[PDB]
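To be precise, the following lines are query.cif, and they hold mmCIF, C-alpha atoms and all ligand atoms.
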data_structure
loop_
_atom_site.label_atom_id
_atom_site.label_comp_id
_atom_site.auth_asym_id
_atom_site.auth_seq_id
_atom_site.Cartn_x
_atom_site.Cartn_y
_atom_site.Cartn_z
CA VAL F 1 0.00 0.00 0.00
CA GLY F 2 1.29 3.48 -0.93
CA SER F 3 0.38 7.03 0.07
CA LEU F 4 -2.37 8.22 2.40
CA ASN F 5 -4.15 11.36 1.22
CA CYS F 6 -7.18 13.49 1.95
CA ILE F 7 -9.04 15.31 -0.87
CA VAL F 8 -11.69 17.98 -0.35
CA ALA F 9 -13.19 21.06 -1.93
CA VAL F 10 -13.78 23.88 0.57
CA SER F 11 -15.35 27.38 0.46
CA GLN F 12 -13.57 30.45 1.98
CA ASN F 13 -15.53 29.98 5.20
CA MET F 14 -14.37 26.30 5.53
CA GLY F 15 -17.60 24.91 4.17
CA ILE F 16 -17.83 21.46 2.57
CA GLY F 17 -21.54 20.49 2.67
CA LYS F 18 -25.10 21.77 3.01
CA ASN F 19 -28.26 19.66 3.46
CA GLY F 20 -26.45 16.58 2.10
CA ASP F 21 -25.05 18.20 -1.03
CA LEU F 22 -22.18 20.56 -1.79
CA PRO F 23 -22.60 24.27 -0.79
CA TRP F 24 -22.13 25.41 -4.39
CA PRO F 25 -23.75 24.47 -7.69
CA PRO F 26 -22.07 21.49 -9.46
CA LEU F 27 -18.57 22.26 -10.95
CA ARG F 28 -17.98 19.51 -13.57
CA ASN F 29 -14.26 20.05 -13.91
CA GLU F 30 -13.89 19.93 -10.13
CA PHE F 31 -15.64 16.53 -10.02
CA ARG F 32 -13.52 15.46 -13.05
CA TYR F 33 -10.37 16.41 -11.10
CA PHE F 34 -11.57 14.53 -8.03
CA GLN F 35 -12.25 11.48 -10.23
CA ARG F 36 -8.89 11.66 -11.90
CA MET F 37 -6.82 12.18 -8.75
CA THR F 38 -8.60 9.43 -6.79
CA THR F 39 -8.60 6.88 -9.65
CA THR F 40 -5.07 7.25 -10.99
CA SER F 41 -2.63 4.68 -9.61
CA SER F 42 1.17 5.22 -10.00
CA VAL F 43 1.76 1.43 -10.13
CA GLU F 44 0.71 -1.46 -12.48
CA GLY F 45 -2.21 -3.78 -11.54
CA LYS F 46 -3.07 -1.98 -8.31
CA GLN F 47 -6.15 0.08 -7.38
CA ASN F 48 -6.65 3.09 -5.12
CA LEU F 49 -8.94 2.70 -2.06
CA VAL F 50 -11.43 5.53 -1.23
CA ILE F 51 -12.56 5.78 2.36
CA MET F 52 -15.67 7.85 3.17
CA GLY F 53 -18.27 8.31 5.86
CA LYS F 54 -21.87 7.10 5.60
CA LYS F 55 -23.39 10.49 4.78
CA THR F 56 -20.78 11.10 2.10
CA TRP F 57 -21.65 7.81 0.46
CA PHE F 58 -25.36 8.70 0.30
CA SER F 59 -24.54 12.22 -1.02
CA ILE F 60 -23.02 10.72 -4.19
CA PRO F 61 -25.61 10.38 -7.03
CA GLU F 62 -26.60 6.69 -7.16
CA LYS F 63 -25.53 6.50 -10.80
CA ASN F 64 -21.97 7.42 -9.72
CA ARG F 65 -21.89 4.82 -6.94
CA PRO F 66 -19.58 3.05 -6.32
CA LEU F 67 -16.90 5.46 -7.52
CA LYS F 68 -15.81 3.46 -10.54
CA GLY F 69 -12.30 1.93 -10.73
CA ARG F 70 -11.69 2.38 -7.03
CA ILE F 71 -12.26 0.15 -4.03
CA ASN F 72 -15.05 1.85 -2.11
CA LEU F 73 -15.03 1.53 1.67
CA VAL F 74 -17.65 3.19 3.84
CA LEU F 75 -17.33 3.95 7.53
CA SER F 76 -20.25 3.24 9.82
CA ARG F 77 -20.95 1.79 13.24
CA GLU F 78 -24.76 1.42 12.57
CA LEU F 79 -24.67 -0.48 9.24
CA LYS F 80 -24.20 -4.19 9.55
CA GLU F 81 -23.04 -4.66 5.87
CA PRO F 82 -21.68 -2.50 2.99
CA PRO F 83 -24.48 -0.40 1.32
CA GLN F 84 -25.85 -1.54 -2.08
CA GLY F 85 -22.96 -0.88 -4.49
CA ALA F 86 -20.21 -0.34 -1.93
CA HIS F 87 -17.35 -2.94 -1.20
CA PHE F 88 -16.21 -2.80 2.31
CA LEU F 89 -17.56 -1.51 5.48
CA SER F 90 -15.42 -0.57 8.46
CA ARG F 91 -16.23 0.59 11.95
CA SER F 92 -13.25 2.96 12.43
CA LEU F 93 -10.51 4.67 10.53
CA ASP F 94 -7.85 2.38 12.23
CA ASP F 95 -9.82 -0.66 10.97
CA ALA F 96 -10.07 0.52 7.38
CA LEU F 97 -6.30 1.22 7.49
CA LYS F 98 -5.49 -2.13 9.28
CA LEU F 99 -7.76 -3.70 6.64
CA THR F 100 -5.53 -2.44 3.81
CA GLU F 101 -2.66 -4.45 5.33
CA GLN F 102 -4.46 -7.78 4.82
CA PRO F 103 -3.09 -10.28 2.30
CA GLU F 104 -6.42 -9.83 0.39
CA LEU F 105 -5.88 -6.01 -0.04
CA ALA F 106 -2.20 -5.28 0.77
CA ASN F 107 -0.89 -6.16 -2.67
CA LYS F 108 -3.99 -4.78 -4.44
CA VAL F 109 -4.21 -1.16 -3.07
CA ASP F 110 -1.85 1.72 -4.36
CA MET F 111 -3.10 5.08 -2.86
CA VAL F 112 -5.59 5.50 -0.12
CA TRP F 113 -7.80 8.59 -0.48
CA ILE F 114 -10.02 9.90 2.34
CA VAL F 115 -12.83 11.67 0.51
CA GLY F 116 -14.91 12.97 3.50
CA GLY F 117 -16.58 14.03 5.68
CA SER F 118 -15.50 16.15 8.59
CA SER F 119 -14.76 13.57 11.29
CA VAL F 120 -12.75 11.22 8.97
CA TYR F 121 -10.72 14.23 7.83
CA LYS F 122 -10.04 15.54 11.35
CA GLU F 123 -8.77 12.18 12.66
CA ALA F 124 -6.50 11.53 9.71
CA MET F 125 -5.16 15.15 9.75
CA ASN F 126 -4.21 14.97 13.37
CA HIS F 127 -2.68 11.51 13.34
CA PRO F 128 1.18 11.31 13.15
CA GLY F 129 2.68 10.29 9.76
CA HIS F 130 3.13 11.28 6.18
CA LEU F 131 -0.11 12.77 4.83
CA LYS F 132 -0.93 14.99 1.90
CA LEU F 133 -4.13 17.13 1.55
CA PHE F 134 -5.47 17.95 -1.86
CA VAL F 135 -7.53 20.98 -1.30
CA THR F 136 -9.62 22.79 -3.86
CA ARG F 137 -10.14 26.32 -2.70
CA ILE F 138 -13.64 27.55 -3.76
CA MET F 139 -12.91 31.27 -3.79
CA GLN F 140 -16.06 32.61 -2.10
CA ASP F 141 -18.32 32.14 0.86
CA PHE F 142 -21.11 29.61 0.70
CA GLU F 143 -23.73 28.80 3.32
CA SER F 144 -22.68 25.51 4.84
CA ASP F 145 -23.65 23.06 7.57
CA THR F 146 -20.57 20.83 7.44
CA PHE F 147 -16.99 22.22 7.59
CA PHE F 148 -13.37 21.15 6.96
CA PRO F 149 -11.14 20.94 10.04
CA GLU F 150 -8.39 23.52 10.66
CA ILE F 151 -5.23 23.06 8.63
CA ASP F 152 -2.24 23.66 10.99
CA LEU F 153 0.24 25.50 8.71
CA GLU F 154 3.03 24.87 11.08
CA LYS F 155 2.89 21.13 10.07
CA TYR F 156 1.24 21.22 6.67
CA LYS F 157 3.30 22.91 3.97
CA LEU F 158 1.61 24.26 0.84
CA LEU F 159 3.61 22.87 -2.06
CA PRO F 160 4.57 25.35 -4.75
CA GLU F 161 3.73 22.87 -7.52
CA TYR F 162 2.61 19.19 -7.99
CA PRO F 163 2.54 16.70 -11.10
CA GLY F 164 -0.93 16.44 -12.68
CA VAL F 165 -2.33 19.51 -10.68
CA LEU F 166 -3.08 22.96 -12.25
CA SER F 167 -1.74 26.01 -10.18
CA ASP F 168 -3.74 28.51 -11.93
CA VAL F 169 -7.14 29.86 -11.08
CA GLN F 170 -10.03 28.08 -12.76
CA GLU F 171 -13.57 29.20 -13.24
CA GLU F 172 -16.80 27.39 -13.94
CA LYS F 173 -20.30 28.88 -13.71
CA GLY F 174 -18.89 32.22 -12.49
CA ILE F 175 -17.13 30.61 -9.53
CA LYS F 176 -13.36 30.81 -9.38
CA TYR F 177 -11.40 28.04 -7.68
CA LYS F 178 -7.82 26.82 -7.32
CA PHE F 179 -6.18 23.40 -6.65
CA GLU F 180 -3.63 23.19 -3.76
CA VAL F 181 -1.58 20.36 -2.25
CA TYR F 182 -0.35 20.32 1.31
CA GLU F 183 2.10 17.82 2.89
CA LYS F 184 3.06 16.95 6.44
CA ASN F 185 5.41 14.36 7.82
CA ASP F 186 5.48 13.93 11.61
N1 LIG K 1 -16.74 19.43 -0.49
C1 LIG K 1 -16.29 18.13 -0.38
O1 LIG K 1 -15.09 17.92 -0.71
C2 LIG K 1 -17.05 17.19 0.28
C3 LIG K 1 -18.36 17.37 0.59
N2 LIG K 1 -19.09 16.44 1.32
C4 LIG K 1 -20.41 16.91 1.77
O2 LIG K 1 -20.22 17.02 3.15
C5 LIG K 1 -21.33 16.44 3.97
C6 LIG K 1 -21.09 14.95 4.45
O3 LIG K 1 -20.27 15.01 5.54
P1 LIG K 1 -20.47 14.63 7.14
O4 LIG K 1 -21.76 14.99 7.71
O5 LIG K 1 -19.18 15.15 7.70
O6 LIG K 1 -20.55 13.05 7.10
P2 LIG K 1 -19.69 11.66 6.83
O7 LIG K 1 -19.58 11.33 5.50
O8 LIG K 1 -18.44 11.74 7.70
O9 LIG K 1 -20.67 10.70 7.54
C7 LIG K 1 -20.89 10.69 8.87
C8 LIG K 1 -21.29 9.31 9.36
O10 LIG K 1 -20.27 8.42 8.92
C9 LIG K 1 -20.01 7.45 9.99
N3 LIG K 1 -18.58 7.80 10.35
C10 LIG K 1 -17.86 8.90 10.11
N4 LIG K 1 -16.59 8.70 10.56
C11 LIG K 1 -16.54 7.44 10.96
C12 LIG K 1 -15.52 6.72 11.53
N5 LIG K 1 -14.30 7.27 11.66
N6 LIG K 1 -15.75 5.48 11.89
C13 LIG K 1 -16.99 4.84 11.74
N7 LIG K 1 -18.04 5.58 11.23
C14 LIG K 1 -17.76 6.87 10.88
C15 LIG K 1 -21.03 7.71 11.11
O11 LIG K 1 -22.12 6.87 10.72
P3 LIG K 1 -22.82 5.85 11.73
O12 LIG K 1 -23.61 6.80 12.53
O13 LIG K 1 -23.66 4.96 10.90
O14 LIG K 1 -21.74 5.33 12.66
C16 LIG K 1 -21.35 9.22 10.92
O15 LIG K 1 -22.65 9.47 11.35
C17 LIG K 1 -22.35 16.22 3.04
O16 LIG K 1 -23.07 17.44 2.79
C18 LIG K 1 -21.56 15.95 1.77
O17 LIG K 1 -22.28 16.20 0.56
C19 LIG K 1 -18.58 15.11 1.66
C20 LIG K 1 -17.27 14.97 1.23
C21 LIG K 1 -16.42 15.93 0.61
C1 LIG K 2 -16.55 14.28 -1.77
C2 LIG K 2 -16.38 15.24 -2.95
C3 LIG K 2 -17.39 15.54 -3.76
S1 LIG K 2 -19.02 14.91 -3.63
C4 LIG K 2 -19.05 13.84 -5.02
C5 LIG K 2 -17.94 13.06 -5.32
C6 LIG K 2 -17.96 12.21 -6.42
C7 LIG K 2 -19.09 12.15 -7.23
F1 LIG K 2 -19.11 11.33 -8.31
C8 LIG K 2 -20.20 12.94 -6.93
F2 LIG K 2 -21.31 12.88 -7.72
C9 LIG K 2 -20.18 13.78 -5.83
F3 LIG K 2 -21.26 14.55 -5.53
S2 LIG K 2 -16.87 16.56 -4.88
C10 LIG K 2 -15.32 16.64 -4.33
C11 LIG K 2 -15.21 15.85 -3.25
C12 LIG K 2 -14.02 15.77 -2.65
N1 LIG K 2 -13.92 14.98 -1.59
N2 LIG K 2 -12.95 16.46 -3.09
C13 LIG K 2 -13.08 17.24 -4.17
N3 LIG K 2 -12.03 17.93 -4.62
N4 LIG K 2 -14.26 17.33 -4.79
#
File written out as structure tokens:
Amino acid sequence: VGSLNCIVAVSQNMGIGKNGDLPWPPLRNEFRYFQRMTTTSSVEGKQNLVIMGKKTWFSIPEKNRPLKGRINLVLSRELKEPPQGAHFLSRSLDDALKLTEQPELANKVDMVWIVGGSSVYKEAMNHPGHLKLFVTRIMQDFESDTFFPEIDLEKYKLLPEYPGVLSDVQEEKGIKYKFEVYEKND
């Protein structure tokens, strides 16, 4: 198993969700970027694992579930089996990560991507180790009910560039946004 990474899109006021959807109208090229970065392996014959919470799973349009070409694992302590379409179910972040180190998965998984929501991100971000955050900055305020945890800039360094990631400002439907990558190692 290779890298651990978080990926999120976040408004200026730290917003990630509202009423079970995103705070902003759909940005196709943002979703396209998410799909590309999560799906692309850097190895041959291995797949990336995506780890998400239960509400994140059900916020994905059913036609896009499971996220194709990735191993989809959902976190929940209430569910007793993976949701229709999902692959694995785990009861904690330690267990999903322990689970990747099984003979079954260990030589099948390249990257592991945590794709939301707030509690999964907070635990990973505050756990010692090598972790990168792929953060799309949505360059305005949007009314939100679910937020991204604080990024401690003393530990996470914004990288000045990264392969396969545009640095420049983008715009779709009158909303400007920008792709960033952060890295810690502690
Ligand atoms: N802008 C973006 O990049 C993103 C946006 N979103 C949006 O954000 C909001 C969804 O986020 P949020 O409410 O934070 O929900 P989550 O996706 O984190 O789901 C929360 C549920 O997941 C289960 N859960 C979460 N963490 C764990 C864990 N570590 N171990 C076991 N179970 C866990 C619990 O379910 P149970 O109670 O069954 O134990 C909890 O009630 C939605 O609006 C969504 O559309 C989601 C991802 C990214
Ligand atoms: C979690 C998420 C988004 S929600 C979402 C993802 C995939 C999909 F096919 C959908 F239909 C959908 F609504 S969009 C997004 C993210 C994350 N975690 N990161 C980024 N950059 N973008």
query = Which residues, written as JSON, numbers by chain, have at least one atom at most 8 Å from region 175-180 of chain F, with all atoms listed in the file counted and residues fewer than 3 positions away on the same chain left out?
reply = {"F": [134, 135, 136, 137, 138, 139, 140, 158, 159, 165, 166, 167, 168, 169, 170, 171, 172]}
Using the selection just defined, write its residues with C-alpha atoms as a PDB file, keeping the file's coordinate frame.
ATOM      1  CA  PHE F 134      -5.470  17.950  -1.860  1.00  0.00           C
ATOM      2  CA  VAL F 135      -7.530  20.980  -1.300  1.00  0.00           C
ATOM      3  CA  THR F 136      -9.620  22.790  -3.860  1.00  0.00           C
ATOM      4  CA  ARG F 137     -10.140  26.320  -2.700  1.00  0.00           C
ATOM      5  CA  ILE F 138     -13.640  27.550  -3.760  1.00  0.00           C
ATOM      6  CA  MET F 139     -12.910  31.270  -3.790  1.00  0.00           C
ATOM      7  CA  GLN F 140     -16.060  32.610  -2.100  1.00  0.00           C
ATOM      8  CA  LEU F 158       1.610  24.260   0.840  1.00  0.00           C
ATOM      9  CA  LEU F 159       3.610  22.870  -2.060  1.00  0.00           C
ATOM     10  CA  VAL F 165      -2.330  19.510 -10.680  1.00  0.00           C
ATOM     11  CA  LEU F 166      -3.080  22.960 -12.250  1.00  0.00           C
ATOM     12  CA  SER F 167      -1.740  26.010 -10.180  1.00  0.00           C
ATOM     13  CA  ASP F 168      -3.740  28.510 -11.930  1.00  0.00           C
ATOM     14  CA  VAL F 169      -7.140  29.860 -11.080  1.00  0.00           C
ATOM     15  CA  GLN F 170     -10.030  28.080 -12.760  1.00  0.00           C
ATOM     16  CA  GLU F 171     -13.570  29.200 -13.240  1.00  0.00           C
ATOM     17  CA  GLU F 172     -16.800  27.390 -13.940  1.00  0.00           C
TER      18      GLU F 172
END
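If you measure from each of F:143, F:113, F:40, F:64 to residue 12 (chain F) using all atoms listed in the file, the closest one turns out to be F:143.
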Residues of chain F that have any atom at most 7 Å from an atom of ligand LIG 1 (chain K): could you tabulate them with the shortest-distance atom pair and the distance in Å to one decimal, using only C-alpha atoms and all ligand atoms, ordered by chain and increasing number, as JSON lines?
{"residue": "F:7", "atom": "CA", "partner": "K:LIG1", "partner_atom": "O1", "distance": 6.6}
{"residue": "F:8", "atom": "CA", "partner": "K:LIG1", "partner_atom": "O1", "distance": 3.4}
{"residue": "F:9", "atom": "CA", "partner": "K:LIG1", "partner_atom": "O1", "distance": 3.9}
{"residue": "F:10", "atom": "CA", "partner": "K:LIG1", "partner_atom": "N1", "distance": 5.4}
{"residue": "F:16", "atom": "CA", "partner": "K:LIG1", "partner_atom": "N1", "distance": 3.8}
{"residue": "F:17", "atom": "CA", "partner": "K:LIG1", "partner_atom": "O16", "distance": 3.4}
{"residue": "F:18", "atom": "CA", "partner": "K:LIG1", "partner_atom": "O16", "distance": 4.8}
{"residue": "F:19", "atom": "CA", "partner": "K:LIG1", "partner_atom": "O16", "distance": 5.7}
{"residue": "F:20", "atom": "CA", "partner": "K:LIG1", "partner_atom": "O16", "distance": 3.6}
{"residue": "F:21", "atom": "CA", "partner": "K:LIG1", "partner_atom": "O17", "distance": 3.8}
{"residue": "F:22", "atom": "CA", "partner": "K:LIG1", "partner_atom": "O17", "distance": 5.0}
{"residue": "F:52", "atom": "CA", "partner": "K:LIG1", "partner_atom": "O7", "distance": 5.7}
{"residue": "F:53", "atom": "CA", "partner": "K:LIG1", "partner_atom": "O7", "distance": 3.3}
{"residue": "F:54", "atom": "CA", "partner": "K:LIG1", "partner_atom": "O10", "distance": 3.9}
{"residue": "F:55", "atom": "CA", "partner": "K:LIG1", "partner_atom": "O9", "distance": 3.9}
{"residue": "F:56", "atom": "CA", "partner": "K:LIG1", "partner_atom": "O7", "distance": 3.6}
{"residue": "F:57", "atom": "CA", "partner": "K:LIG1", "partner_atom": "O7", "distance": 6.5}
{"residue": "F:59", "atom": "CA", "partner": "K:LIG1", "partner_atom": "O17", "distance": 4.8}
{"residue": "F:75", "atom": "CA", "partner": "K:LIG1", "partner_atom": "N7", "distance": 4.1}
{"residue": "F:76", "atom": "CA", "partner": "K:LIG1", "partner_atom": "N7", "distance": 3.5}
{"residue": "F:77", "atom": "CA", "partner": "K:LIG1", "partner_atom": "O14", "distance": 3.7}
{"residue": "F:78", "atom": "CA", "partner": "K:LIG1", "partner_atom": "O13", "distance": 4.1}
{"residue": "F:79", "atom": "CA", "partner": "K:LIG1", "partner_atom": "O13", "distance": 5.8}
{"residue": "F:90", "atom": "CA", "partner": "K:LIG1", "partner_atom": "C13", "distance": 6.5}
{"residue": "F:91", "atom": "CA", "partner": "K:LIG1", "partner_atom": "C13", "distance": 4.3}
{"residue": "F:92", "atom": "CA", "partner": "K:LIG1", "partner_atom": "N6", "distance": 3.6}
{"residue": "F:93", "atom": "CA", "partner": "K:LIG1", "partner_atom": "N5", "distance": 4.7}
{"residue": "F:115", "atom": "CA", "partner": "K:LIG1", "partner_atom": "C21", "distance": 5.6}
{"residue": "F:116", "atom": "CA", "partner": "K:LIG1", "partner_atom": "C20", "distance": 3.8}
{"residue": "F:117", "atom": "CA", "partner": "K:LIG1", "partner_atom": "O5", "distance": 3.5}
{"residue": "F:118", "atom": "CA", "partner": "K:LIG1", "partner_atom": "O5", "distance": 3.9}
{"residue": "F:119", "atom": "CA", "partner": "K:LIG1", "partner_atom": "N4", "distance": 5.3}
{"residue": "F:120", "atom": "CA", "partner": "K:LIG1", "partner_atom": "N4", "distance": 4.9}
{"residue": "F:146", "atom": "CA", "partner": "K:LIG1", "partner_atom": "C5", "distance": 5.6}
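Our summary of the geometry notes that CA of residue 71 (chain F) is positioned 12.0 Å from CA of residue 41 (chain F).
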task = Between CA of residue 51 (chain F) and atom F3 of ligand LIG 2 (chain K), measure the distance and give it in Å to one decimal.
result = 14.7 Å
task = State, in Å with one decimal place, the distance from CA of residue 69 (chain F) to CA of residue 111 (chain F).
result =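 Distance reported for this atom pair: 12.5 Å.
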query = For residue 121 (chain F), which residue out of F:5, F:102, F:84, F:42 is the nearest one, using only C-alpha atoms?
reply = F:5
message = My list of candidates is F:89, F:181, F:151, F:114. Which is closest to ligand LIG 2 (chain K) when distances are computed with all atoms listed in the file?
response = F:114
query = Nearest to residue 127 (chain F): which of F:110, F:62, F:94, F:104 is it, counting all atoms listed in the file?
reply =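 Looking at the shortest contact to residue 127 (chain F), the residue is F:94.
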request  = Select, from F:101, F:61, F:149, F:109, the residue with the minimum atom-to-atom distance to residue 124 (chain F), counting only C-alpha atoms.
outcome  = F:149
query = Taking (-12.1, 1.5, 2.8) in the file's coordinates, which residues come within 6 Å, counting only C-alpha atoms, written as a VMD selection string?
reply = chain F and resid 49 to 51 72 to 74 88 96
key: Nearest candidate to ligand LIG 2 (chain K) (options F:3, F:141, F:60, F:13; using all atoms listed in the file)   =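 Of all the options, F:60 lies closest to ligand LIG 2 (chain K).
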